[PDB]
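Only one chain is given next, in structure tokens, and it is the form deposited in one PDB entry.
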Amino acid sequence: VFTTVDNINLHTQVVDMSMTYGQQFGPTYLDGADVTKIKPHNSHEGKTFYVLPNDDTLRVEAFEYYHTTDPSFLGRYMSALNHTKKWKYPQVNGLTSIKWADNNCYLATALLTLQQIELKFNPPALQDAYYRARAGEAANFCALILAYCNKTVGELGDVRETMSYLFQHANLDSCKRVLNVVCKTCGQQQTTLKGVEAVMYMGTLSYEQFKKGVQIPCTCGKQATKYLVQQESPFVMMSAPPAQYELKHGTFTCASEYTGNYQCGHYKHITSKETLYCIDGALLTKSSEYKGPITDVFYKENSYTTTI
């Protein structure tokens, strides 16, 4: 056979057929299916098995492909893959979605979002898989998202939490956010955020409203105003607890709709194209206007400076 950790560097092994894989290699998977305690069948000649890293060469190759040394990662990935490879990944409005299964509504929403914003993932394994997802084969990429986010298939998922974890694995170093804070008493303080903190705000959906200002607590004890001075990023994510919100054609890129109770509710995806499209897994509706419960909105950006 061939053992690997990255499916790029293949290492030639000949096995014994009287001994389990797990005896000879440690935990060994096949296409997501744990074959640790199984022995070699005949239709196992020259196939390729993932192995837990058990020597320095494999640890270094694993870090260089996944950007983690966590010894649980591989098995969490292979356990998610074993489901994600059985999901359906329909093309809907020229985007790869996911057919509803195992509480994946939040992954479908994340996947659709990721195909409409500009993002470079640092770990090769994520970048390679993102590319393959864009081109319709997204099983691998969904398993990796589950593994990187410390989520198992069936677990209830927040889209903002998932985007936050993915952004922390993306190149957002360039990204810069300058805010000014205005209290009557303490006065005026400016702060510079970089990376993930530069593209995410929790507390309003409206990029407009962030530019005009929003009321926040001051440590003095008064109410103060936070407004956006300077934004340097290819997008921004604007998030709030779900509430009725109107979405106008052409004024945003895409949004997360969330219906029902904390945790056990369901997401759908709103995207602005030539009209508004609602993507609910395999299902597609369209309308010229939209009002409904929204918790995330994504906007395009490059360079913004305020006129205040």
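Numbering starts at 1 and runs along the sequence shown. Residues that one form lacks are left out of the comparison. For the two forms, the rigid core is made up of the largest set of C-alpha atoms that agree within 1.5 Å on superposition.
As for the form deposited in another entry, it is not shown, yet the points below apply to it.
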After rigid core alignment between the shown form and the other one, the listed option with CA shift of 2 Å or more out of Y267, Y277, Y29, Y66 is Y29
Exercise for review: Establish whether a shift of 2 Å or more occurs at the C-alpha of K248 between the shown form and the other one, with the two forms superposed on the rigid core.
Suggested key: no
Moved regions between the shown form and the other one after rigid core superposition (C-alpha shift of 2 angstroms or more, 3 or more residues per run) are 29-47, 220-222, 260-263
